[PDB]
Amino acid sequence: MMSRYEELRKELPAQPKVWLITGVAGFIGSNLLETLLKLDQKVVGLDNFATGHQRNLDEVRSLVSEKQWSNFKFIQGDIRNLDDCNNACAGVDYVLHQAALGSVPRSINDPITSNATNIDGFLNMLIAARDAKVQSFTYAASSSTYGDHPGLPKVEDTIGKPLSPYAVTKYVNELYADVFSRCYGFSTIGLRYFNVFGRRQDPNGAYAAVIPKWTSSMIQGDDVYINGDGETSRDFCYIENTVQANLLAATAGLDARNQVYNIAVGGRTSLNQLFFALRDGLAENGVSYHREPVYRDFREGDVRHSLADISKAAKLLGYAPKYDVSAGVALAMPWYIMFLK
């Protein structure tokens, strides 16, 4: 019949809970906010606007009812400040930890800054969440943890060596998560995301993800750069799939806890395919682009192939993504067109 998520969507409004989203002003966080507020949940948000934007919070407000927006409490704070974490975790049922500094290149140029937020900040949240006695703690892990390991698809128990400072930080989140369960009995669920994309993923900045970067470049008629031969591949995961995984993990049974899960679709998309997918998607919306991609050197700290086996999440969480890359692109292009209008 209906998937577990579909069933959860029906239950939540009937029995509202209090959720905390760190990094709520960012891409994934603001999308979680939109979903939760639309499900009539109470939400507390924490963000320092390091890479997030007030415009994202303004967009969510423009998308939800006036009543739903009143169920949102925002705290401008930093996860590196234990006091901000304590305040954000007060009276919270479920914590969805998304606050972090993404981008592999960024961590290569400045590992110290990425370390402070991604590791120190993560640890403070675990402590604050633990001390606040929350019901569940879900955090954003990363598929980059598979590192150099060549096999495909990727399975949770088999990982490789980290190729970047960023990859180390996300892996360390998993390490501390496991130790907090062993030493304090504080269970958590780590979600190893696989290149998430969709509305509100920042197209600006020197560290913009490939889809936002390429989409904006095409819309503007600028050259599009491919790092390497374009055969590099990813399991692009449309934001809706990731939102489902979070709500599912936040309400999962005991058996599914203290586990890390691949969150993706199980699809293989080379950068070369992506270029044409985005270009054809934009043309579909009346945006023409006739330039060929400009190939350059491979990017440092970059993983070659990334394809996820989502069986574990499917079995233990009842995870069932409904959005493939094309459908996600079809939904995303109009947003970027409007964003740069």
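Throughout, we count residues from 1 along the sequence that is shown.
As listed in the deposited structure, the average C-alpha B-factor of 256-264 and of 92-100 is greater for 256-264. Taking the PDB entry as given, 308-316 carries the higher mean Cα B factor of the two stretches 308-316 and 40-48. For the set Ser288, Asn56, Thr35, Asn272, the PDB entry assigns the largest Cα B-factor to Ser288.
Looking only at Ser233, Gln220, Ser143, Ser136, the residue with the top Cα B factor in the deposited structure is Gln220. In the deposited entry, the Cα temperature factor of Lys170 sits in the middle third of values across the chain's modelled residues. Ranked by Cα temperature factor within the chain, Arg296 sits in the highest third according to the deposited record. The deposited CA B-factor of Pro212 belongs to the middle third of values across its chain. The entry lists a Cα temperature factor for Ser107 that places it in the middle third of the chain's modelled residues. When all modelled residues of the chain are sorted by CA temperature factor, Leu123 is found within the lowest third.
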